$ cat structure-v8.tsv   # TSV, C-alpha atoms and all ligand atoms
chain	number	residue	atom	x	y	z
A	1	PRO	CA	0.00	0.00	0.00
A	2	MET	CA	1.08	3.52	-0.65
A	3	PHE	CA	0.08	6.81	0.91
A	4	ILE	CA	0.80	10.22	-0.58
A	5	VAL	CA	0.10	13.61	1.13
A	6	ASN	CA	0.38	16.90	-0.67
A	7	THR	CA	0.16	19.93	1.59
A	8	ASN	CA	0.79	23.68	1.80
A	9	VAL	CA	2.33	23.19	5.27
A	10	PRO	CA	6.00	24.12	5.14
A	11	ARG	CA	8.75	21.50	5.24
A	12	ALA	CA	9.99	22.74	8.62
A	13	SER	CA	6.64	21.91	10.16
A	14	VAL	CA	6.83	18.23	9.19
A	15	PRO	CA	8.13	16.64	12.44
A	16	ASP	CA	11.10	14.35	12.58
A	17	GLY	CA	10.01	10.73	12.28
A	18	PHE	CA	6.68	11.47	10.49
A	19	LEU	CA	7.34	9.11	7.58
A	20	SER	CA	8.13	6.30	9.98
A	21	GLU	CA	4.99	6.98	12.00
A	22	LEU	CA	2.81	6.94	8.86
A	23	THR	CA	4.50	3.65	7.79
A	24	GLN	CA	3.77	1.96	11.08
A	25	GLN	CA	0.20	3.16	11.44
A	26	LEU	CA	-0.63	2.21	7.84
A	27	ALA	CA	0.91	-1.23	8.25
A	28	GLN	CA	-1.31	-1.78	11.23
A	29	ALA	CA	-4.41	-0.31	9.61
A	30	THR	CA	-4.15	-2.36	6.40
A	31	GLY	CA	-2.85	-5.50	8.21
A	32	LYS	CA	0.16	-5.57	5.87
A	33	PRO	CA	3.74	-5.94	6.85
A	34	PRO	CA	5.54	-2.56	7.08
A	35	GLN	CA	7.88	-3.79	4.34
A	36	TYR	CA	4.93	-3.37	1.96
A	37	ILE	CA	4.10	0.22	2.87
A	38	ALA	CA	5.37	3.27	0.95
A	39	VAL	CA	4.81	6.86	2.07
A	40	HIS	CA	5.39	10.16	0.33
A	41	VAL	CA	4.99	13.64	1.85
A	42	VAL	CA	5.09	16.76	-0.30
A	43	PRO	CA	5.15	20.04	1.66
A	44	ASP	CA	5.30	23.69	0.57
A	45	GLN	CA	2.67	23.25	-2.08
A	46	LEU	CA	0.63	26.01	-3.80
A	47	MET	CA	-2.89	24.93	-2.92
A	48	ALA	CA	-6.32	26.19	-1.90
A	49	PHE	CA	-9.15	24.35	-0.25
A	50	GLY	CA	-12.66	25.77	-0.29
A	51	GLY	CA	-11.21	29.05	-1.57
A	52	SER	CA	-8.72	29.50	1.36
A	53	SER	CA	-4.89	29.05	1.73
A	54	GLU	CA	-5.24	27.90	5.34
A	55	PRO	CA	-3.39	24.57	5.92
A	56	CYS	CA	-4.89	21.72	3.90
A	57	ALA	CA	-3.99	18.38	2.33
A	58	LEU	CA	-4.78	16.38	-0.74
A	59	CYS	CA	-3.91	12.73	-0.26
A	60	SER	CA	-4.28	9.24	-1.77
A	61	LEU	CA	-4.10	5.67	-0.48
A	62	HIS	CA	-3.64	2.86	-2.99
A	63	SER	CA	-3.84	-0.79	-1.98
A	64	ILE	CA	-4.52	-4.13	-3.59
A	65	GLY	CA	-7.65	-4.86	-1.59
A	66	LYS	CA	-8.18	-3.73	1.98
A	67	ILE	CA	-10.32	-0.87	0.55
A	68	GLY	CA	-14.02	-0.56	1.20
A	69	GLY	CA	-16.71	1.42	2.91
A	70	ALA	CA	-15.94	0.68	6.58
A	71	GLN	CA	-12.19	0.30	6.04
A	72	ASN	CA	-12.01	3.66	4.34
A	73	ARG	CA	-13.91	5.41	7.14
A	74	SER	CA	-11.35	3.92	9.54
A	75	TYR	CA	-8.37	4.99	7.41
A	76	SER	CA	-9.84	8.50	7.21
A	77	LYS	CA	-10.11	8.82	10.99
A	78	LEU	CA	-6.55	7.52	11.42
A	79	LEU	CA	-5.04	9.67	8.72
A	80	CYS	CA	-6.90	12.85	9.48
A	81	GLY	CA	-5.92	12.32	13.13
A	82	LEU	CA	-2.26	12.17	12.16
A	83	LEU	CA	-2.43	15.15	9.88
A	84	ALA	CA	-4.23	17.21	12.64
A	85	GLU	CA	-1.84	16.13	15.45
A	86	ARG	CA	1.45	16.31	13.47
A	87	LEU	CA	0.91	18.89	10.74
A	88	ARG	CA	-1.87	20.96	12.41
A	89	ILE	CA	-4.21	20.49	9.45
A	90	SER	CA	-7.93	20.54	10.22
A	91	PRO	CA	-9.67	17.29	9.24
A	92	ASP	CA	-12.25	19.30	7.27
A	93	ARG	CA	-9.44	20.58	4.98
A	94	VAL	CA	-8.28	17.09	3.91
A	95	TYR	CA	-9.36	14.92	0.99
A	96	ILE	CA	-8.11	11.36	0.73
A	97	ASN	CA	-8.78	9.45	-2.43
A	98	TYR	CA	-8.87	5.69	-2.04
A	99	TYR	CA	-7.96	3.28	-4.81
A	100	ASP	CA	-8.56	-0.47	-4.78
A	101	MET	CA	-5.97	-1.61	-7.32
A	102	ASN	CA	-6.17	-4.84	-9.30
A	103	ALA	CA	-3.05	-6.87	-8.73
A	104	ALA	CA	-2.51	-7.00	-12.53
A	105	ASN	CA	-2.32	-3.18	-12.49
A	106	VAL	CA	0.49	-2.85	-9.92
A	107	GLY	CA	4.09	-3.20	-10.99
A	108	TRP	CA	6.96	-4.02	-8.66
A	109	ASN	CA	10.32	-5.77	-9.01
A	110	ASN	CA	10.23	-6.31	-12.80
A	111	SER	CA	6.73	-7.70	-12.85
A	112	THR	CA	3.21	-7.29	-11.46
A	113	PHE	CA	1.43	-8.73	-8.41
A	114	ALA	CA	-1.08	-10.80	-10.47
B	1	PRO	CA	-13.96	18.35	-6.57
B	2	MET	CA	-10.29	18.75	-6.84
B	3	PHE	CA	-8.08	20.00	-9.63
B	4	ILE	CA	-4.32	19.51	-9.88
B	5	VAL	CA	-2.06	20.96	-12.54
B	6	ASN	CA	1.57	19.96	-12.87
B	7	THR	CA	3.63	22.11	-15.23
B	8	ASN	CA	7.12	22.98	-16.34
B	9	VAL	CA	6.14	26.71	-16.43
B	10	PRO	CA	8.14	28.53	-13.80
B	11	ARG	CA	6.55	29.68	-10.56
B	12	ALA	CA	7.05	33.39	-11.35
B	13	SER	CA	4.82	32.88	-14.43
B	14	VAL	CA	1.79	31.80	-12.41
B	15	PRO	CA	-0.27	34.95	-11.78
B	16	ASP	CA	-1.21	36.01	-8.26
B	17	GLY	CA	-4.93	35.21	-8.41
B	18	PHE	CA	-4.66	32.02	-10.32
B	19	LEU	CA	-5.73	29.62	-7.57
B	20	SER	CA	-8.73	31.86	-6.78
B	21	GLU	CA	-9.67	31.93	-10.43
B	22	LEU	CA	-9.52	28.15	-10.76
B	23	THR	CA	-11.64	27.83	-7.58
B	24	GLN	CA	-14.32	30.16	-8.85
B	25	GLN	CA	-14.39	28.70	-12.34
B	26	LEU	CA	-14.56	25.13	-11.13
B	27	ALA	CA	-17.29	25.96	-8.63
B	28	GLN	CA	-19.35	27.31	-11.55
B	29	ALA	CA	-18.42	24.43	-13.88
B	30	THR	CA	-19.27	21.65	-11.41
B	31	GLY	CA	-22.30	23.48	-10.03
B	32	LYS	CA	-21.02	23.55	-6.45
B	33	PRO	CA	-20.25	26.21	-3.88
B	34	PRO	CA	-16.63	27.10	-3.54
B	35	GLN	CA	-16.33	25.24	-0.16
B	36	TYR	CA	-16.37	22.02	-2.19
B	37	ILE	CA	-13.42	22.90	-4.45
B	38	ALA	CA	-9.76	22.26	-3.93
B	39	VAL	CA	-7.00	23.38	-6.31
B	40	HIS	CA	-3.31	22.61	-6.52
B	41	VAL	CA	-0.72	24.07	-8.89
B	42	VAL	CA	2.76	22.61	-9.21
B	43	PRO	CA	5.15	24.64	-11.30
B	44	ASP	CA	8.84	24.24	-12.19
B	45	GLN	CA	8.40	20.53	-13.07
B	46	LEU	CA	10.81	18.38	-15.07
B	47	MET	CA	8.53	17.21	-17.84
B	48	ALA	CA	8.27	16.34	-21.49
B	49	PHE	CA	5.35	16.18	-23.78
B	50	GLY	CA	5.89	14.48	-27.16
B	51	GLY	CA	9.58	14.38	-26.39
B	52	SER	CA	9.82	18.13	-25.85
B	53	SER	CA	10.42	20.28	-22.75
B	54	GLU	CA	8.33	23.12	-24.25
B	55	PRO	CA	5.53	24.36	-21.92
B	56	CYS	CA	3.08	21.66	-21.11
B	57	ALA	CA	0.72	20.51	-18.34
B	58	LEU	CA	-0.48	17.23	-16.85
B	59	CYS	CA	-3.66	17.68	-14.85
B	60	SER	CA	-6.38	15.80	-13.03
B	61	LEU	CA	-9.96	16.57	-11.97
B	62	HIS	CA	-11.53	14.28	-9.36
B	63	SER	CA	-15.22	14.55	-8.47
B	64	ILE	CA	-17.97	12.43	-6.94
B	65	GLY	CA	-20.15	12.54	-10.01
B	66	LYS	CA	-20.33	15.55	-12.35
B	67	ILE	CA	-18.03	13.49	-14.67
B	68	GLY	CA	-19.06	12.21	-18.07
B	69	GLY	CA	-18.68	12.62	-21.78
B	70	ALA	CA	-20.21	15.99	-22.34
B	71	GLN	CA	-19.19	17.42	-18.99
B	72	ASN	CA	-15.61	16.43	-19.52
B	73	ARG	CA	-15.49	18.13	-22.96
B	74	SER	CA	-16.74	21.29	-21.29
B	75	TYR	CA	-14.21	21.06	-18.47
B	76	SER	CA	-11.46	20.55	-21.06
B	77	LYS	CA	-12.37	23.72	-22.97
B	78	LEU	CA	-12.59	25.71	-19.75
B	79	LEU	CA	-9.35	24.45	-18.28
B	80	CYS	CA	-7.25	24.47	-21.47
B	81	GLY	CA	-8.48	28.00	-21.91
B	82	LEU	CA	-7.31	29.04	-18.52
B	83	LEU	CA	-3.95	27.34	-18.93
B	84	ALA	CA	-3.46	28.99	-22.38
B	85	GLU	CA	-4.49	32.50	-21.15
B	86	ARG	CA	-2.82	32.50	-17.77
B	87	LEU	CA	0.19	30.20	-18.13
B	88	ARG	CA	0.72	30.50	-21.90
B	89	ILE	CA	0.51	26.72	-22.38
B	90	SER	CA	-0.75	25.45	-25.68
B	91	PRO	CA	-3.98	23.35	-25.41
B	92	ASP	CA	-2.37	20.61	-27.50
B	93	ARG	CA	0.33	20.16	-24.81
B	94	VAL	CA	-2.19	19.53	-21.99
B	95	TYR	CA	-3.60	16.25	-20.76
B	96	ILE	CA	-6.38	16.24	-18.16
B	97	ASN	CA	-7.37	12.96	-16.55
B	98	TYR	CA	-10.97	12.81	-15.18
B	99	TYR	CA	-11.96	10.60	-12.29
B	100	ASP	CA	-15.52	9.84	-11.17
B	101	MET	CA	-14.95	8.80	-7.57
B	102	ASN	CA	-17.33	6.67	-5.54
B	103	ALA	CA	-18.36	8.56	-2.32
B	104	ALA	CA	-17.16	5.58	-0.25
B	105	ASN	CA	-13.67	6.09	-1.77
B	106	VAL	CA	-13.28	9.74	-0.75
B	107	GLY	CA	-12.15	10.55	2.74
B	108	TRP	CA	-12.76	13.91	4.45
B	109	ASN	CA	-13.16	15.11	8.00
B	110	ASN	CA	-12.41	11.79	9.68
B	111	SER	CA	-14.82	9.79	7.58
B	112	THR	CA	-15.92	9.42	3.94
B	113	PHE	CA	-18.64	10.96	1.85
B	114	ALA	CA	-20.72	7.75	1.71
C	1	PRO	CA	0.20	7.80	-22.48
C	2	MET	CA	1.52	9.50	-19.39
C	3	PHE	CA	4.33	8.29	-17.14
C	4	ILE	CA	5.11	9.91	-13.83
C	5	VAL	CA	7.98	8.96	-11.50
C	6	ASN	CA	8.33	10.38	-8.04
C	7	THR	CA	11.65	9.57	-6.35
C	8	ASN	CA	13.94	10.49	-3.43
C	9	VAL	CA	16.99	10.38	-5.84
C	10	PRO	CA	18.49	13.83	-6.14
C	11	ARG	CA	17.97	15.91	-9.28
C	12	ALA	CA	21.67	15.82	-10.09
C	13	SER	CA	21.47	12.03	-10.43
C	14	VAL	CA	18.95	12.17	-13.25
C	15	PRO	CA	20.98	11.85	-16.44
C	16	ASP	CA	20.75	14.19	-19.38
C	17	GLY	CA	18.24	12.87	-21.88
C	18	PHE	CA	16.42	10.62	-19.37
C	19	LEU	CA	13.00	12.03	-20.29
C	20	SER	CA	13.69	11.35	-23.99
C	21	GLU	CA	14.82	7.83	-23.20
C	22	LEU	CA	11.58	7.20	-21.32
C	23	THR	CA	9.58	8.73	-24.16
C	24	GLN	CA	11.15	6.44	-26.74
C	25	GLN	CA	10.91	3.29	-24.70
C	26	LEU	CA	7.28	3.96	-23.78
C	27	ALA	CA	6.38	4.67	-27.38
C	28	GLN	CA	7.90	1.37	-28.47
C	29	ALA	CA	6.38	-0.60	-25.60
C	30	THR	CA	2.82	0.74	-25.95
C	31	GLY	CA	2.93	1.14	-29.71
C	32	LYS	CA	1.66	4.69	-29.43
C	33	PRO	CA	3.35	7.62	-31.23
C	34	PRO	CA	6.16	9.28	-29.25
C	35	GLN	CA	4.50	12.66	-29.90
C	36	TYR	CA	1.58	11.43	-27.64
C	37	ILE	CA	3.76	10.32	-24.72
C	38	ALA	CA	4.16	12.59	-21.78
C	39	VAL	CA	6.75	12.00	-18.99
C	40	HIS	CA	7.21	13.66	-15.69
C	41	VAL	CA	10.09	13.05	-13.29
C	42	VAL	CA	9.99	14.41	-9.74
C	43	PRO	CA	13.28	14.06	-7.80
C	44	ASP	CA	14.36	15.05	-4.31
C	45	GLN	CA	11.11	13.73	-2.72
C	46	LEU	CA	10.54	12.96	0.93
C	47	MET	CA	9.69	9.28	0.74
C	48	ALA	CA	9.99	5.94	2.45
C	49	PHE	CA	9.48	2.43	1.09
C	50	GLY	CA	9.23	-0.36	3.64
C	51	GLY	CA	10.14	2.17	6.32
C	52	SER	CA	13.47	2.94	4.62
C	53	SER	CA	14.70	6.14	2.90
C	54	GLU	CA	17.04	4.25	0.55
C	55	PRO	CA	16.41	5.11	-3.12
C	56	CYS	CA	12.86	4.26	-4.20
C	57	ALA	CA	10.18	5.30	-6.66
C	58	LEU	CA	6.46	5.64	-6.89
C	59	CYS	CA	5.22	5.77	-10.45
C	60	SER	CA	2.11	5.68	-12.64
C	61	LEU	CA	1.37	4.89	-16.24
C	62	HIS	CA	-1.93	6.01	-17.73
C	63	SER	CA	-2.95	4.98	-21.25
C	64	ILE	CA	-6.12	4.76	-23.26
C	65	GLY	CA	-5.89	0.99	-23.77
C	66	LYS	CA	-2.69	-1.03	-24.12
C	67	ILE	CA	-3.06	-1.89	-20.41
C	68	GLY	CA	-3.47	-5.49	-19.32
C	69	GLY	CA	-1.92	-8.42	-17.57
C	70	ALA	CA	0.87	-9.32	-19.99
C	71	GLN	CA	1.40	-5.78	-21.20
C	72	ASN	CA	1.83	-4.52	-17.65
C	73	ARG	CA	4.36	-7.20	-16.82
C	74	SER	CA	6.36	-6.11	-19.85
C	75	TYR	CA	6.11	-2.44	-18.91
C	76	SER	CA	7.26	-3.27	-15.39
C	77	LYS	CA	10.38	-5.02	-16.59
C	78	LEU	CA	11.13	-2.16	-18.96
C	79	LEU	CA	10.56	0.62	-16.46
C	80	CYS	CA	12.23	-0.97	-13.47
C	81	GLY	CA	15.16	-1.69	-15.79
C	82	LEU	CA	15.44	2.03	-16.70
C	83	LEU	CA	15.08	3.18	-13.13
C	84	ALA	CA	17.77	0.67	-11.95
C	85	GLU	CA	20.23	1.53	-14.82
C	86	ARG	CA	19.73	5.30	-14.93
C	87	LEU	CA	18.68	6.26	-11.36
C	88	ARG	CA	20.29	3.40	-9.42
C	89	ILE	CA	16.93	2.41	-7.84
C	90	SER	CA	16.41	-1.23	-6.90
C	91	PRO	CA	13.47	-2.80	-8.74
C	92	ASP	CA	12.14	-4.08	-5.38
C	93	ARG	CA	11.75	-0.45	-4.18
C	94	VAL	CA	9.53	0.64	-7.10
C	95	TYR	CA	5.72	0.60	-7.37
C	96	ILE	CA	4.06	1.38	-10.71
C	97	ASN	CA	0.28	1.86	-10.80
C	98	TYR	CA	-1.29	1.21	-14.22
C	99	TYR	CA	-4.47	2.94	-15.32
C	100	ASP	CA	-6.52	2.06	-18.40
C	101	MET	CA	-8.30	5.35	-19.06
C	102	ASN	CA	-11.60	5.63	-20.89
C	103	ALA	CA	-11.14	8.08	-23.80
C	104	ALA	CA	-14.07	10.14	-22.51
C	105	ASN	CA	-12.04	10.69	-19.32
C	106	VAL	CA	-8.94	12.16	-21.02
C	107	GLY	CA	-8.90	15.79	-21.94
C	108	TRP	CA	-6.60	17.27	-24.55
C	109	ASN	CA	-6.65	20.34	-26.87
C	110	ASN	CA	-9.99	21.68	-25.67
C	111	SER	CA	-11.86	18.43	-25.80
C	112	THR	CA	-11.63	14.76	-24.90
C	113	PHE	CA	-10.48	11.71	-26.92
C	114	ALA	CA	-13.96	10.15	-27.10
A	201	LIG	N1	2.09	-2.96	-1.87
A	201	LIG	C1	2.16	-4.06	-1.76
A	201	LIG	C2	2.26	-5.53	-1.67
A	201	LIG	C3	3.61	-6.18	-1.82
A	201	LIG	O1	3.74	-7.44	-1.79
A	201	LIG	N2	4.69	-5.33	-1.62
A	201	LIG	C4	6.00	-5.73	-1.34
A	201	LIG	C5	7.00	-4.78	-1.31
A	201	LIG	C6	8.34	-5.05	-0.90
A	201	LIG	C7	8.74	-6.34	-0.59
A	201	LIG	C8	7.79	-7.30	-0.66
A	201	LIG	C9	8.28	-8.65	-0.32
A	201	LIG	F1	9.40	-8.91	-1.05
A	201	LIG	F2	8.66	-8.74	0.82
A	201	LIG	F3	7.34	-9.57	-0.51
A	201	LIG	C10	6.44	-7.02	-0.99
A	201	LIG	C11	1.02	-6.28	-1.89
A	201	LIG	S1	-0.45	-5.47	-1.70
A	201	LIG	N3	1.06	-7.61	-2.00
A	201	LIG	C12	-0.01	-8.29	-2.47
A	201	LIG	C13	-0.29	-8.25	-3.88
A	201	LIG	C14	-1.37	-8.96	-4.27
A	201	LIG	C15	-2.13	-9.80	-3.38
A	201	LIG	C16	-1.81	-9.80	-2.03
A	201	LIG	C17	-0.67	-9.05	-1.60
A	201	LIG	CL1	-0.24	-9.12	0.11
A	202	LIG	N1	-15.16	17.33	-2.72
A	202	LIG	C1	-16.17	17.36	-2.30
A	202	LIG	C2	-17.52	17.38	-1.74
A	202	LIG	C3	-17.74	17.97	-0.35
A	202	LIG	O1	-18.81	17.85	0.30
A	202	LIG	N2	-16.72	18.81	0.07
A	202	LIG	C4	-16.77	19.67	1.17
A	202	LIG	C5	-15.58	19.99	1.77
A	202	LIG	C6	-15.53	20.90	2.84
A	202	LIG	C7	-16.73	21.48	3.31
A	202	LIG	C8	-17.94	21.13	2.70
A	202	LIG	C9	-19.22	21.72	3.16
A	202	LIG	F1	-19.02	22.41	4.25
A	202	LIG	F2	-19.65	22.46	2.20
A	202	LIG	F3	-20.14	20.99	3.29
A	202	LIG	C10	-17.98	20.21	1.65
A	202	LIG	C11	-18.51	16.42	-2.23
A	202	LIG	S1	-18.32	15.98	-3.89
A	202	LIG	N3	-19.69	16.26	-1.59
A	202	LIG	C12	-20.60	15.31	-2.02
A	202	LIG	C13	-20.27	13.97	-1.78
A	202	LIG	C14	-21.06	13.04	-2.17
A	202	LIG	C15	-22.30	13.31	-2.88
A	202	LIG	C16	-22.64	14.61	-3.19
A	202	LIG	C17	-21.72	15.64	-2.70
A	202	LIG	CL1	-22.09	17.35	-2.97
$ encode --input "structure-v8.tsv" --output "structure tokens"
Amino acid sequence: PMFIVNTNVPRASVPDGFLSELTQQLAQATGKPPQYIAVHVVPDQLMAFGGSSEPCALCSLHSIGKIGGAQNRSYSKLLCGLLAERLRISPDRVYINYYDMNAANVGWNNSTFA
Amino acid sequence: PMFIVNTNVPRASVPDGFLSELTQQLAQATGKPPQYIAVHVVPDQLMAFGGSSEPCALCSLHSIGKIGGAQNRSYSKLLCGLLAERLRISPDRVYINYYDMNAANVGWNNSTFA
Amino acid sequence: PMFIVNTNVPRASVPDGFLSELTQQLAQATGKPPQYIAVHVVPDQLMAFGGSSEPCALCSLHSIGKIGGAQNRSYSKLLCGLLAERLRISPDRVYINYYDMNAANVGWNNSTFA
């Protein structure tokens, strides 16, 4: 699984260890070993949310399975919680797009997961 | 709805009110109040289009509904127009990918839109 | 078709002509004209893969058709091979998400491909 966050928060406000925290919490949330989890944080972005430049985030989570109605509500609570606590972004200024990928459509190590 | 534009145009060439303009235009185009619209502009990118580093853009529009054949033609005219007028990018060097997201697959404010 | 690579490799490690190399190889692999291929390389990213900040990449390939089980395996071998040779990234620290786009969902030159 892979989680990307794009945010207008500056780089200096991303705390030390944040990528390791996201890795751990996503491993636990998706039930997948941490070796399978990739994370990507992109600060200092030119963005607006609802017409305002107040801190916000646009994010995605891709996984082969482990995506669905109840799961995604749970991921949203976890991830918004982390963005609020660590980057001081209000949960109502975050979108997270969830993608249930077919194994045939995910490449890794010279092949695909199908 | 959320619009992202990635471009090799430099940051100084993006005009001051550009994010506000995209917000207002997309609110009108999707039929939603501006609270519902997020915009993200990423200049200074290392990109090629057709093998060339001439000005280009790679964009995405995600929405829960308000996506379809006719709508997407209209969005393309609107958005290519803005990118031509404001960023001086030729319409033929723009790709926009459209995504009709399921409400259960969009997280916001600690939950999802389902 | 559109190929995007996000990586923690520094910009100085991206060789001259890399975006043209990708453009050629993707044209040949997909069978689409090189003039229609867009490539976007984003270095210096704050990323982790399996909890580790060793060189890694998160990529996507979007195409209107030419996406499928065997095709994607072939693209994966090709693209991991280029990232290993040119950017010194281990194939086991690359994910590539493949997207078969409906032509009605791809904007270009003021319209869509439908
Ligand atoms: N992302 C992801 C992983 C994956 O296996 N990543 C992975 C990434 C790095 C290493 C290793 C391994 F070498 F240890 F197996 C695995 C997924 S979702 N694996 C997977 C694919 C299809 C069906 C079921 C699974 Cl667990
Ligand atoms: N993106 C987006 C929005 C959304 O509700 N965004 C939003 C984001 C922040 C605040 C507010 C509110 F205060 F206006 F309600 C709304 C979507 S598409 N809402 C929605 C979801 C499912 C079905 C129909 C709609 Cl309008």
$ residues_near_ligand --input "structure-v8.tsv" --ligand "ligand LIG 201 (chain A)" --cutoff "8 Å" --atoms "only C-alpha atoms and all ligand atoms" --output "PyMOL selection string"
(chain A and resi 1-2+32+35-38+63-65+103+108+113-114) or (chain C and resi 49-50+92-93+95)
$ closest_atom_pairs --input "structure-v8.tsv" --of "chain A" --to "chain B" --cutoff "9 Å" --atoms "only C-alpha atoms" --output "JSON lines"
{"residue": "A:6", "atom": "CA", "partner": "B:40", "partner_atom": "CA", "distance": 9.0}
{"residue": "A:45", "atom": "CA", "partner": "B:42", "partner_atom": "CA", "distance": 7.2}
{"residue": "A:46", "atom": "CA", "partner": "B:41", "partner_atom": "CA", "distance": 5.6}
{"residue": "A:47", "atom": "CA", "partner": "B:40", "partner_atom": "CA", "distance": 4.3}
{"residue": "A:48", "atom": "CA", "partner": "B:39", "partner_atom": "CA", "distance": 5.3}
{"residue": "A:49", "atom": "CA", "partner": "B:38", "partner_atom": "CA", "distance": 4.3}
{"residue": "A:50", "atom": "CA", "partner": "B:35", "partner_atom": "CA", "distance": 3.7}
{"residue": "A:51", "atom": "CA", "partner": "B:34", "partner_atom": "CA", "distance": 6.1}
{"residue": "A:52", "atom": "CA", "partner": "B:20", "partner_atom": "CA", "distance": 8.5}
{"residue": "A:58", "atom": "CA", "partner": "B:38", "partner_atom": "CA", "distance": 8.3}
{"residue": "A:67", "atom": "CA", "partner": "B:105", "partner_atom": "CA", "distance": 8.1}
{"residue": "A:68", "atom": "CA", "partner": "B:104", "partner_atom": "CA", "distance": 7.0}
{"residue": "A:69", "atom": "CA", "partner": "B:104", "partner_atom": "CA", "distance": 5.2}
{"residue": "A:70", "atom": "CA", "partner": "B:104", "partner_atom": "CA", "distance": 8.5}
{"residue": "A:72", "atom": "CA", "partner": "B:105", "partner_atom": "CA", "distance": 6.8}
{"residue": "A:73", "atom": "CA", "partner": "B:111", "partner_atom": "CA", "distance": 4.5}
{"residue": "A:74", "atom": "CA", "partner": "B:111", "partner_atom": "CA", "distance": 7.1}
{"residue": "A:75", "atom": "CA", "partner": "B:111", "partner_atom": "CA", "distance": 8.0}
{"residue": "A:76", "atom": "CA", "partner": "B:110", "partner_atom": "CA", "distance": 4.9}
{"residue": "A:77", "atom": "CA", "partner": "B:110", "partner_atom": "CA", "distance": 4.0}
{"residue": "A:78", "atom": "CA", "partner": "B:110", "partner_atom": "CA", "distance": 7.5}
{"residue": "A:79", "atom": "CA", "partner": "B:110", "partner_atom": "CA", "distance": 7.7}
{"residue": "A:80", "atom": "CA", "partner": "B:110", "partner_atom": "CA", "distance": 5.6}
{"residue": "A:81", "atom": "CA", "partner": "B:110", "partner_atom": "CA", "distance": 7.4}
{"residue": "A:90", "atom": "CA", "partner": "B:109", "partner_atom": "CA", "distance": 7.9}
{"residue": "A:91", "atom": "CA", "partner": "B:109", "partner_atom": "CA", "distance": 4.3}
{"residue": "A:92", "atom": "CA", "partner": "B:109", "partner_atom": "CA", "distance": 4.3}
{"residue": "A:93", "atom": "CA", "partner": "B:109", "partner_atom": "CA", "distance": 7.3}
{"residue": "A:94", "atom": "CA", "partner": "B:108", "partner_atom": "CA", "distance": 5.5}
{"residue": "A:95", "atom": "CA", "partner": "B:108", "partner_atom": "CA", "distance": 5.0}
{"residue": "A:96", "atom": "CA", "partner": "B:107", "partner_atom": "CA", "distance": 4.6}
{"residue": "A:97", "atom": "CA", "partner": "B:106", "partner_atom": "CA", "distance": 4.8}
{"residue": "A:98", "atom": "CA", "partner": "B:105", "partner_atom": "CA", "distance": 4.8}
{"residue": "A:99", "atom": "CA", "partner": "B:105", "partner_atom": "CA", "distance": 7.1}
{"residue": "A:100", "atom": "CA", "partner": "B:105", "partner_atom": "CA", "distance": 8.8}
$ closest_residue --input "structure-v8.tsv" --among "A:71, A:5, A:15, A:57" --to "ligand LIG 202 (chain A)" --atoms "all atoms listed in the file"
A:57
$ calpha_fit_rmsd --input "structure-v8.tsv" --fixed "chain C" --moving "chain A"
0.2 Å
$ residues_around --input "structure-v8.tsv" --residues "residue 87 in chain B" --least-positions-apart "3" --cutoff "7 Å" --atoms "only C-alpha atoms" --output "list in words"
residues 13, 14, 83 and 84 of chain B
$ atom_distance --input "structure-v8.tsv" --atom1 "CA of residue 56 in chain A" --atom2 "CA of residue 18 in chain A"
16.8 Å
$ closest_residue --input "structure-v8.tsv" --among "B:66, B:12, B:55, B:60" --to "ligand LIG 202 (chain A)" --atoms "only C-alpha atoms and all ligand atoms"
B:66
$ atom_distance --input "structure-v8.tsv" --atom1 "atom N2 of ligand LIG 202 (chain A)" --atom2 "CA of residue 30 in chain B"
12.1 Å
$ closest_residue --input "structure-v8.tsv" --among "B:31, B:25, B:8, B:16" --to "ligand LIG 202 (chain A)" --atoms "all atoms listed in the file"
B:31
$ closest_residue --input "structure-v8.tsv" --among "B:9, B:82, B:89, B:26" --to "ligand LIG 202 (chain A)" --atoms "all atoms listed in the file"
B:26
$ atom_distance --input "structure-v8.tsv" --atom1 "CA of residue 7 in chain C" --atom2 "CA of residue 59 in chain C"
8.5 Å
